[PDB]
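Enquirer: One structure, pasted below without further comment.
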Amino acid sequence: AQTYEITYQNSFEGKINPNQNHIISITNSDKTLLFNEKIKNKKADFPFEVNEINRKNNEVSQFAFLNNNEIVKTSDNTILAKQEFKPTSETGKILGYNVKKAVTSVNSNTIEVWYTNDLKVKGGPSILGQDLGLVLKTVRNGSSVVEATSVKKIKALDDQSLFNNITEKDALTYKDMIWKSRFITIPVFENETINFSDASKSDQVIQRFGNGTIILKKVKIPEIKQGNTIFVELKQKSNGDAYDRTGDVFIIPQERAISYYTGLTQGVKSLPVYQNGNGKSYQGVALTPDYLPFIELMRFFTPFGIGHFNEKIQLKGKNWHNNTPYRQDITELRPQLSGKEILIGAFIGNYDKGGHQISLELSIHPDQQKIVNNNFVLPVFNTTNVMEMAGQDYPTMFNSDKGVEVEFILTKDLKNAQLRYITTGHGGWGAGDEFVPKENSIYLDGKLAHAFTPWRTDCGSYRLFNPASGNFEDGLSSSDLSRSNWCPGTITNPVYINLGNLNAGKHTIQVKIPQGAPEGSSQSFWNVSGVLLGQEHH
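Next comes the structure, spelled out in structure tokens:
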């Protein structure tokens, strides 16, 4: 068995790549090995794959190198048989050897494969056409070319030096484990129930507040560098609660003397009282010289009892989904997260013993994006009462004209400042602010900065997420109705309001909303948060 070594070269419409990692195919009548220069000279960055074909039984074995210790593999002897090739009369020479063209289609792609049977060994730059013979050239869609440069004779196929802990996996797991190695994942919660119960108590790992309605954890986040992206994935499913609850994944900033955590532990008494002149008072809503309101990573809304009520509520031609996914890009929040031992939590406003069930993850990805370039993060206000079942009043402050006014002070100048603004209107009846548009007005240093009327008109698209949605006499379901900037089973996007450049010193910011009057004991209220972003100087 003469062992041969074939080096390949990648072209794209003529453009030969300069510093390309040449594909290499070592091969003989028994085995064949597919890899490349960097993998050969141990210069390859993890993760990286290597293929081997045993010609005695066409068993294609893929080996994935995840890190310095662990390798995983998956085998299959049915790959080469499943490759359908149409033959053609076209022939020629590549590096002296006689070749024959053959054609195939992989998912609407036309692949031409030029192979030689001269050396009575098989090989190629990819899995494609391995059974035909020794593939010296492949052409994908006419444009992408992978042609062989040289074909040398070598001593022996020896892959022992390449390996010296292999674990055999199935195909799906093999692909998955490679994927998970490309980025950083930060588990937070897994199948944790969010409740309303007297029996709901905290434990060594997780802290629970508001009768199980609030979940909380201390997690360590690595130093994440400028350029990388960040996401927050949350999966949700009902465990008894049939209702249309307002959820919120949040973060407590303990940068100053008081924090929202002080509120959770010692009660809402310890939080600063905000007063509007409207007669009521509110807790932990605004920033003070030595207090910061919590930051909302992702404000979301549960559908009407997904999962739990699927078998119970049966409507013709409606296959309910099993759970609700949510992820939001939170790259803008890098500075508060990076290299931090931050307190993450989850809230779902709830009055049920069974309640909901949650699975929360963060993910950091190695990008070099230069679109979101903010250096600074400052939580200014947050009216949403996560402590709904813990003393905190509902945000009914917009009743008055002053609304939410916040004096804050910047120590350094701030470029391309903007406000991360999340808004949702509430009041669950026809004349309530859940179903009535109201113009939100944001003022900066007294001048009107931005005014818009938040209103979503697409809630009907998420019907199959809401099995327990109340059906009305007019033919509509509750989950179909247009609302003040939220739908059941979906995230509400922050609006990024441009504030231009801000000088150091005192700055005031104000939010005014024409809040609707209460009907019975029912009140209209506005869950509203604001976070200041920008690029510091000096």
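Numbered per the entry's author numbering, the sequence shown spans residues 1 to 164, 167 to 540. Using N, Cα and C, we set each Cβ at its ideal position, and we do this for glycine too.
#1: Just list the beta strand (DSSP E) runs in the region 85-140, keeping only unbroken ones of 3 residues or longer that don't cross its boundaries, in chain order.
#2: Where DSSP assigns a beta bridge to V275, which residues make up the other side?
#3: If I follow the unbroken alpha helix (DSSP H) through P337, where does it start and stop?
#4: Residue 166 and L412: beta carbons closer than 8 Å?
#5: Would you report the Cα separation of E235 and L483, rounded to the nearest angstrom?
#6: Which residues does DSSP list as the beta-bridge partners of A156?
#7: What does a CB cutoff of less than 6 Å around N312 pick up in its chain, not counting 5 residues either side in sequence?
#8: Could you have a look at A81 and say whether DSSP puts it in helix, strand or coil?
#9: Tell me the rounded alpha-carbon separation between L162 and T27.
#10: So the beta strand (DSSP E) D482 belongs to, where does it begin and stop?
#11: Which residues does DSSP list as the beta-bridge partners of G242?
#12: Would you call the CB atoms of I188 and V221 closer than 8 Å?
#13: With distances taken Cα to Cα, identify the nearest neighbour of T492 among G429, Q537, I308, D159.
#14: State yes or no: is the beta carbon of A392 nearer than 8 Å to at least one beta carbon in chain B?
#15: Determine which residues share a DSSP beta bridge with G427 and list them.
#16: Considering only their Cβ atoms, is the gap separating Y8 from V146 smaller than 8 Å?
#17: Excluding the 5 residues flanking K342 on each side, which residues of the same chain have their C-beta closer than 7 Å to its C-beta?
#18: So the candidates are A81, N141, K414; which of them puts its Cα closest to the Cα of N107?
#19: Go through its chain and collect everything with a Cβ distance to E225's Cβ below 7 Å, but skip five positions before and after it.
#20: Short of 6 Å in beta carbon distance, which residues of its chain neighbour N324, apart from the five on each side in sequence? Order them along the chain.
#21: Given 8 Å as the limit, is there contact between the region 400-410 and the region 492-504, that is, 3 or more CB pairs closer than that?
#22: Could I get the ranges of all uninterrupted beta strand (DSSP E) runs contained in the region 287-358, with 3 residues as the minimum, in chain order?
#23: Which residues does DSSP pair with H452 in a beta bridge?
#24: Leaving out five residues on either side along the sequence, give the residues of the same chain with a beta carbon under 7 Å from the beta carbon of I332.
#25: Quick one: what's got a C-beta closer than 6 Å to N278's C-beta in the same chain, skipping five residues either side?
#26: On the premise that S523 lies in contact with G434, defined as a C-beta separation below 8 Å, what is that separation, rounded to the nearest angstrom?
#27: Less than 8 Å between the CB atoms is what I'm expecting for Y353 and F306, so what's the real figure, rounded?
#28: Relative to the C-alpha of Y262, which candidate in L218, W181, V121, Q228 has its C-alpha closest?
#29: Check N67 in the structure and name its three-state DSSP category.
#30: Does DSSP classify residue 166 as helix, strand or coil?
Expert: Quick answer:
#1: 86-94, 97-105, 110-116, 134-140
#2: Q285
#3: 336-339
#4: Coordinates for residue 166 are simply not present: the residues of the chain run from 164 and resume at 167.
#5: 26 Å
#6: Answer by DSSP bridge pairing: none, since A156 is not bridged.
#7: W322, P469
#8: helix
#9: 16 Å
#10: Unbroken run through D482: none, as it is neither H nor E.
#11: Answer by DSSP bridge pairing: none, since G242 is not bridged.
#12: yes
#13: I308
#14: Within the model displayed, chain B is absent; a lone protein chain is all it includes.
#15: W528
#16: yes
#17: Excluding residues within five positions, the ones whose Cβ falls inside 7 Å are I223.
#18: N141
#19: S340, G341
#20: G309
#21: The region 400-410 is not in contact with the region 492-504.
#22: 297-303, 326-331, 345-350
#23: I444
#24: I232, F233, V234, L299
#25: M399, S402, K404
#26: Their Cβ separation, rounded to whole angstroms, is 12 Å, which puts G434 and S523 out of contact at 8 Å.
#27: For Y353 against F306, the beta-carbon gap comes to about 14 Å, at or over 8 Å, which does not count as contact.
#28: Comparing C-alpha distances from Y262 to each of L218, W181, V121, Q228 shows the shortest one belongs to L218.
#29: Secondary structure of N67 (DSSP, three-state): coil.
#30: Missing from the coordinates is residue 166; the shown part of the chain jumps over it, going from 164 to 167.
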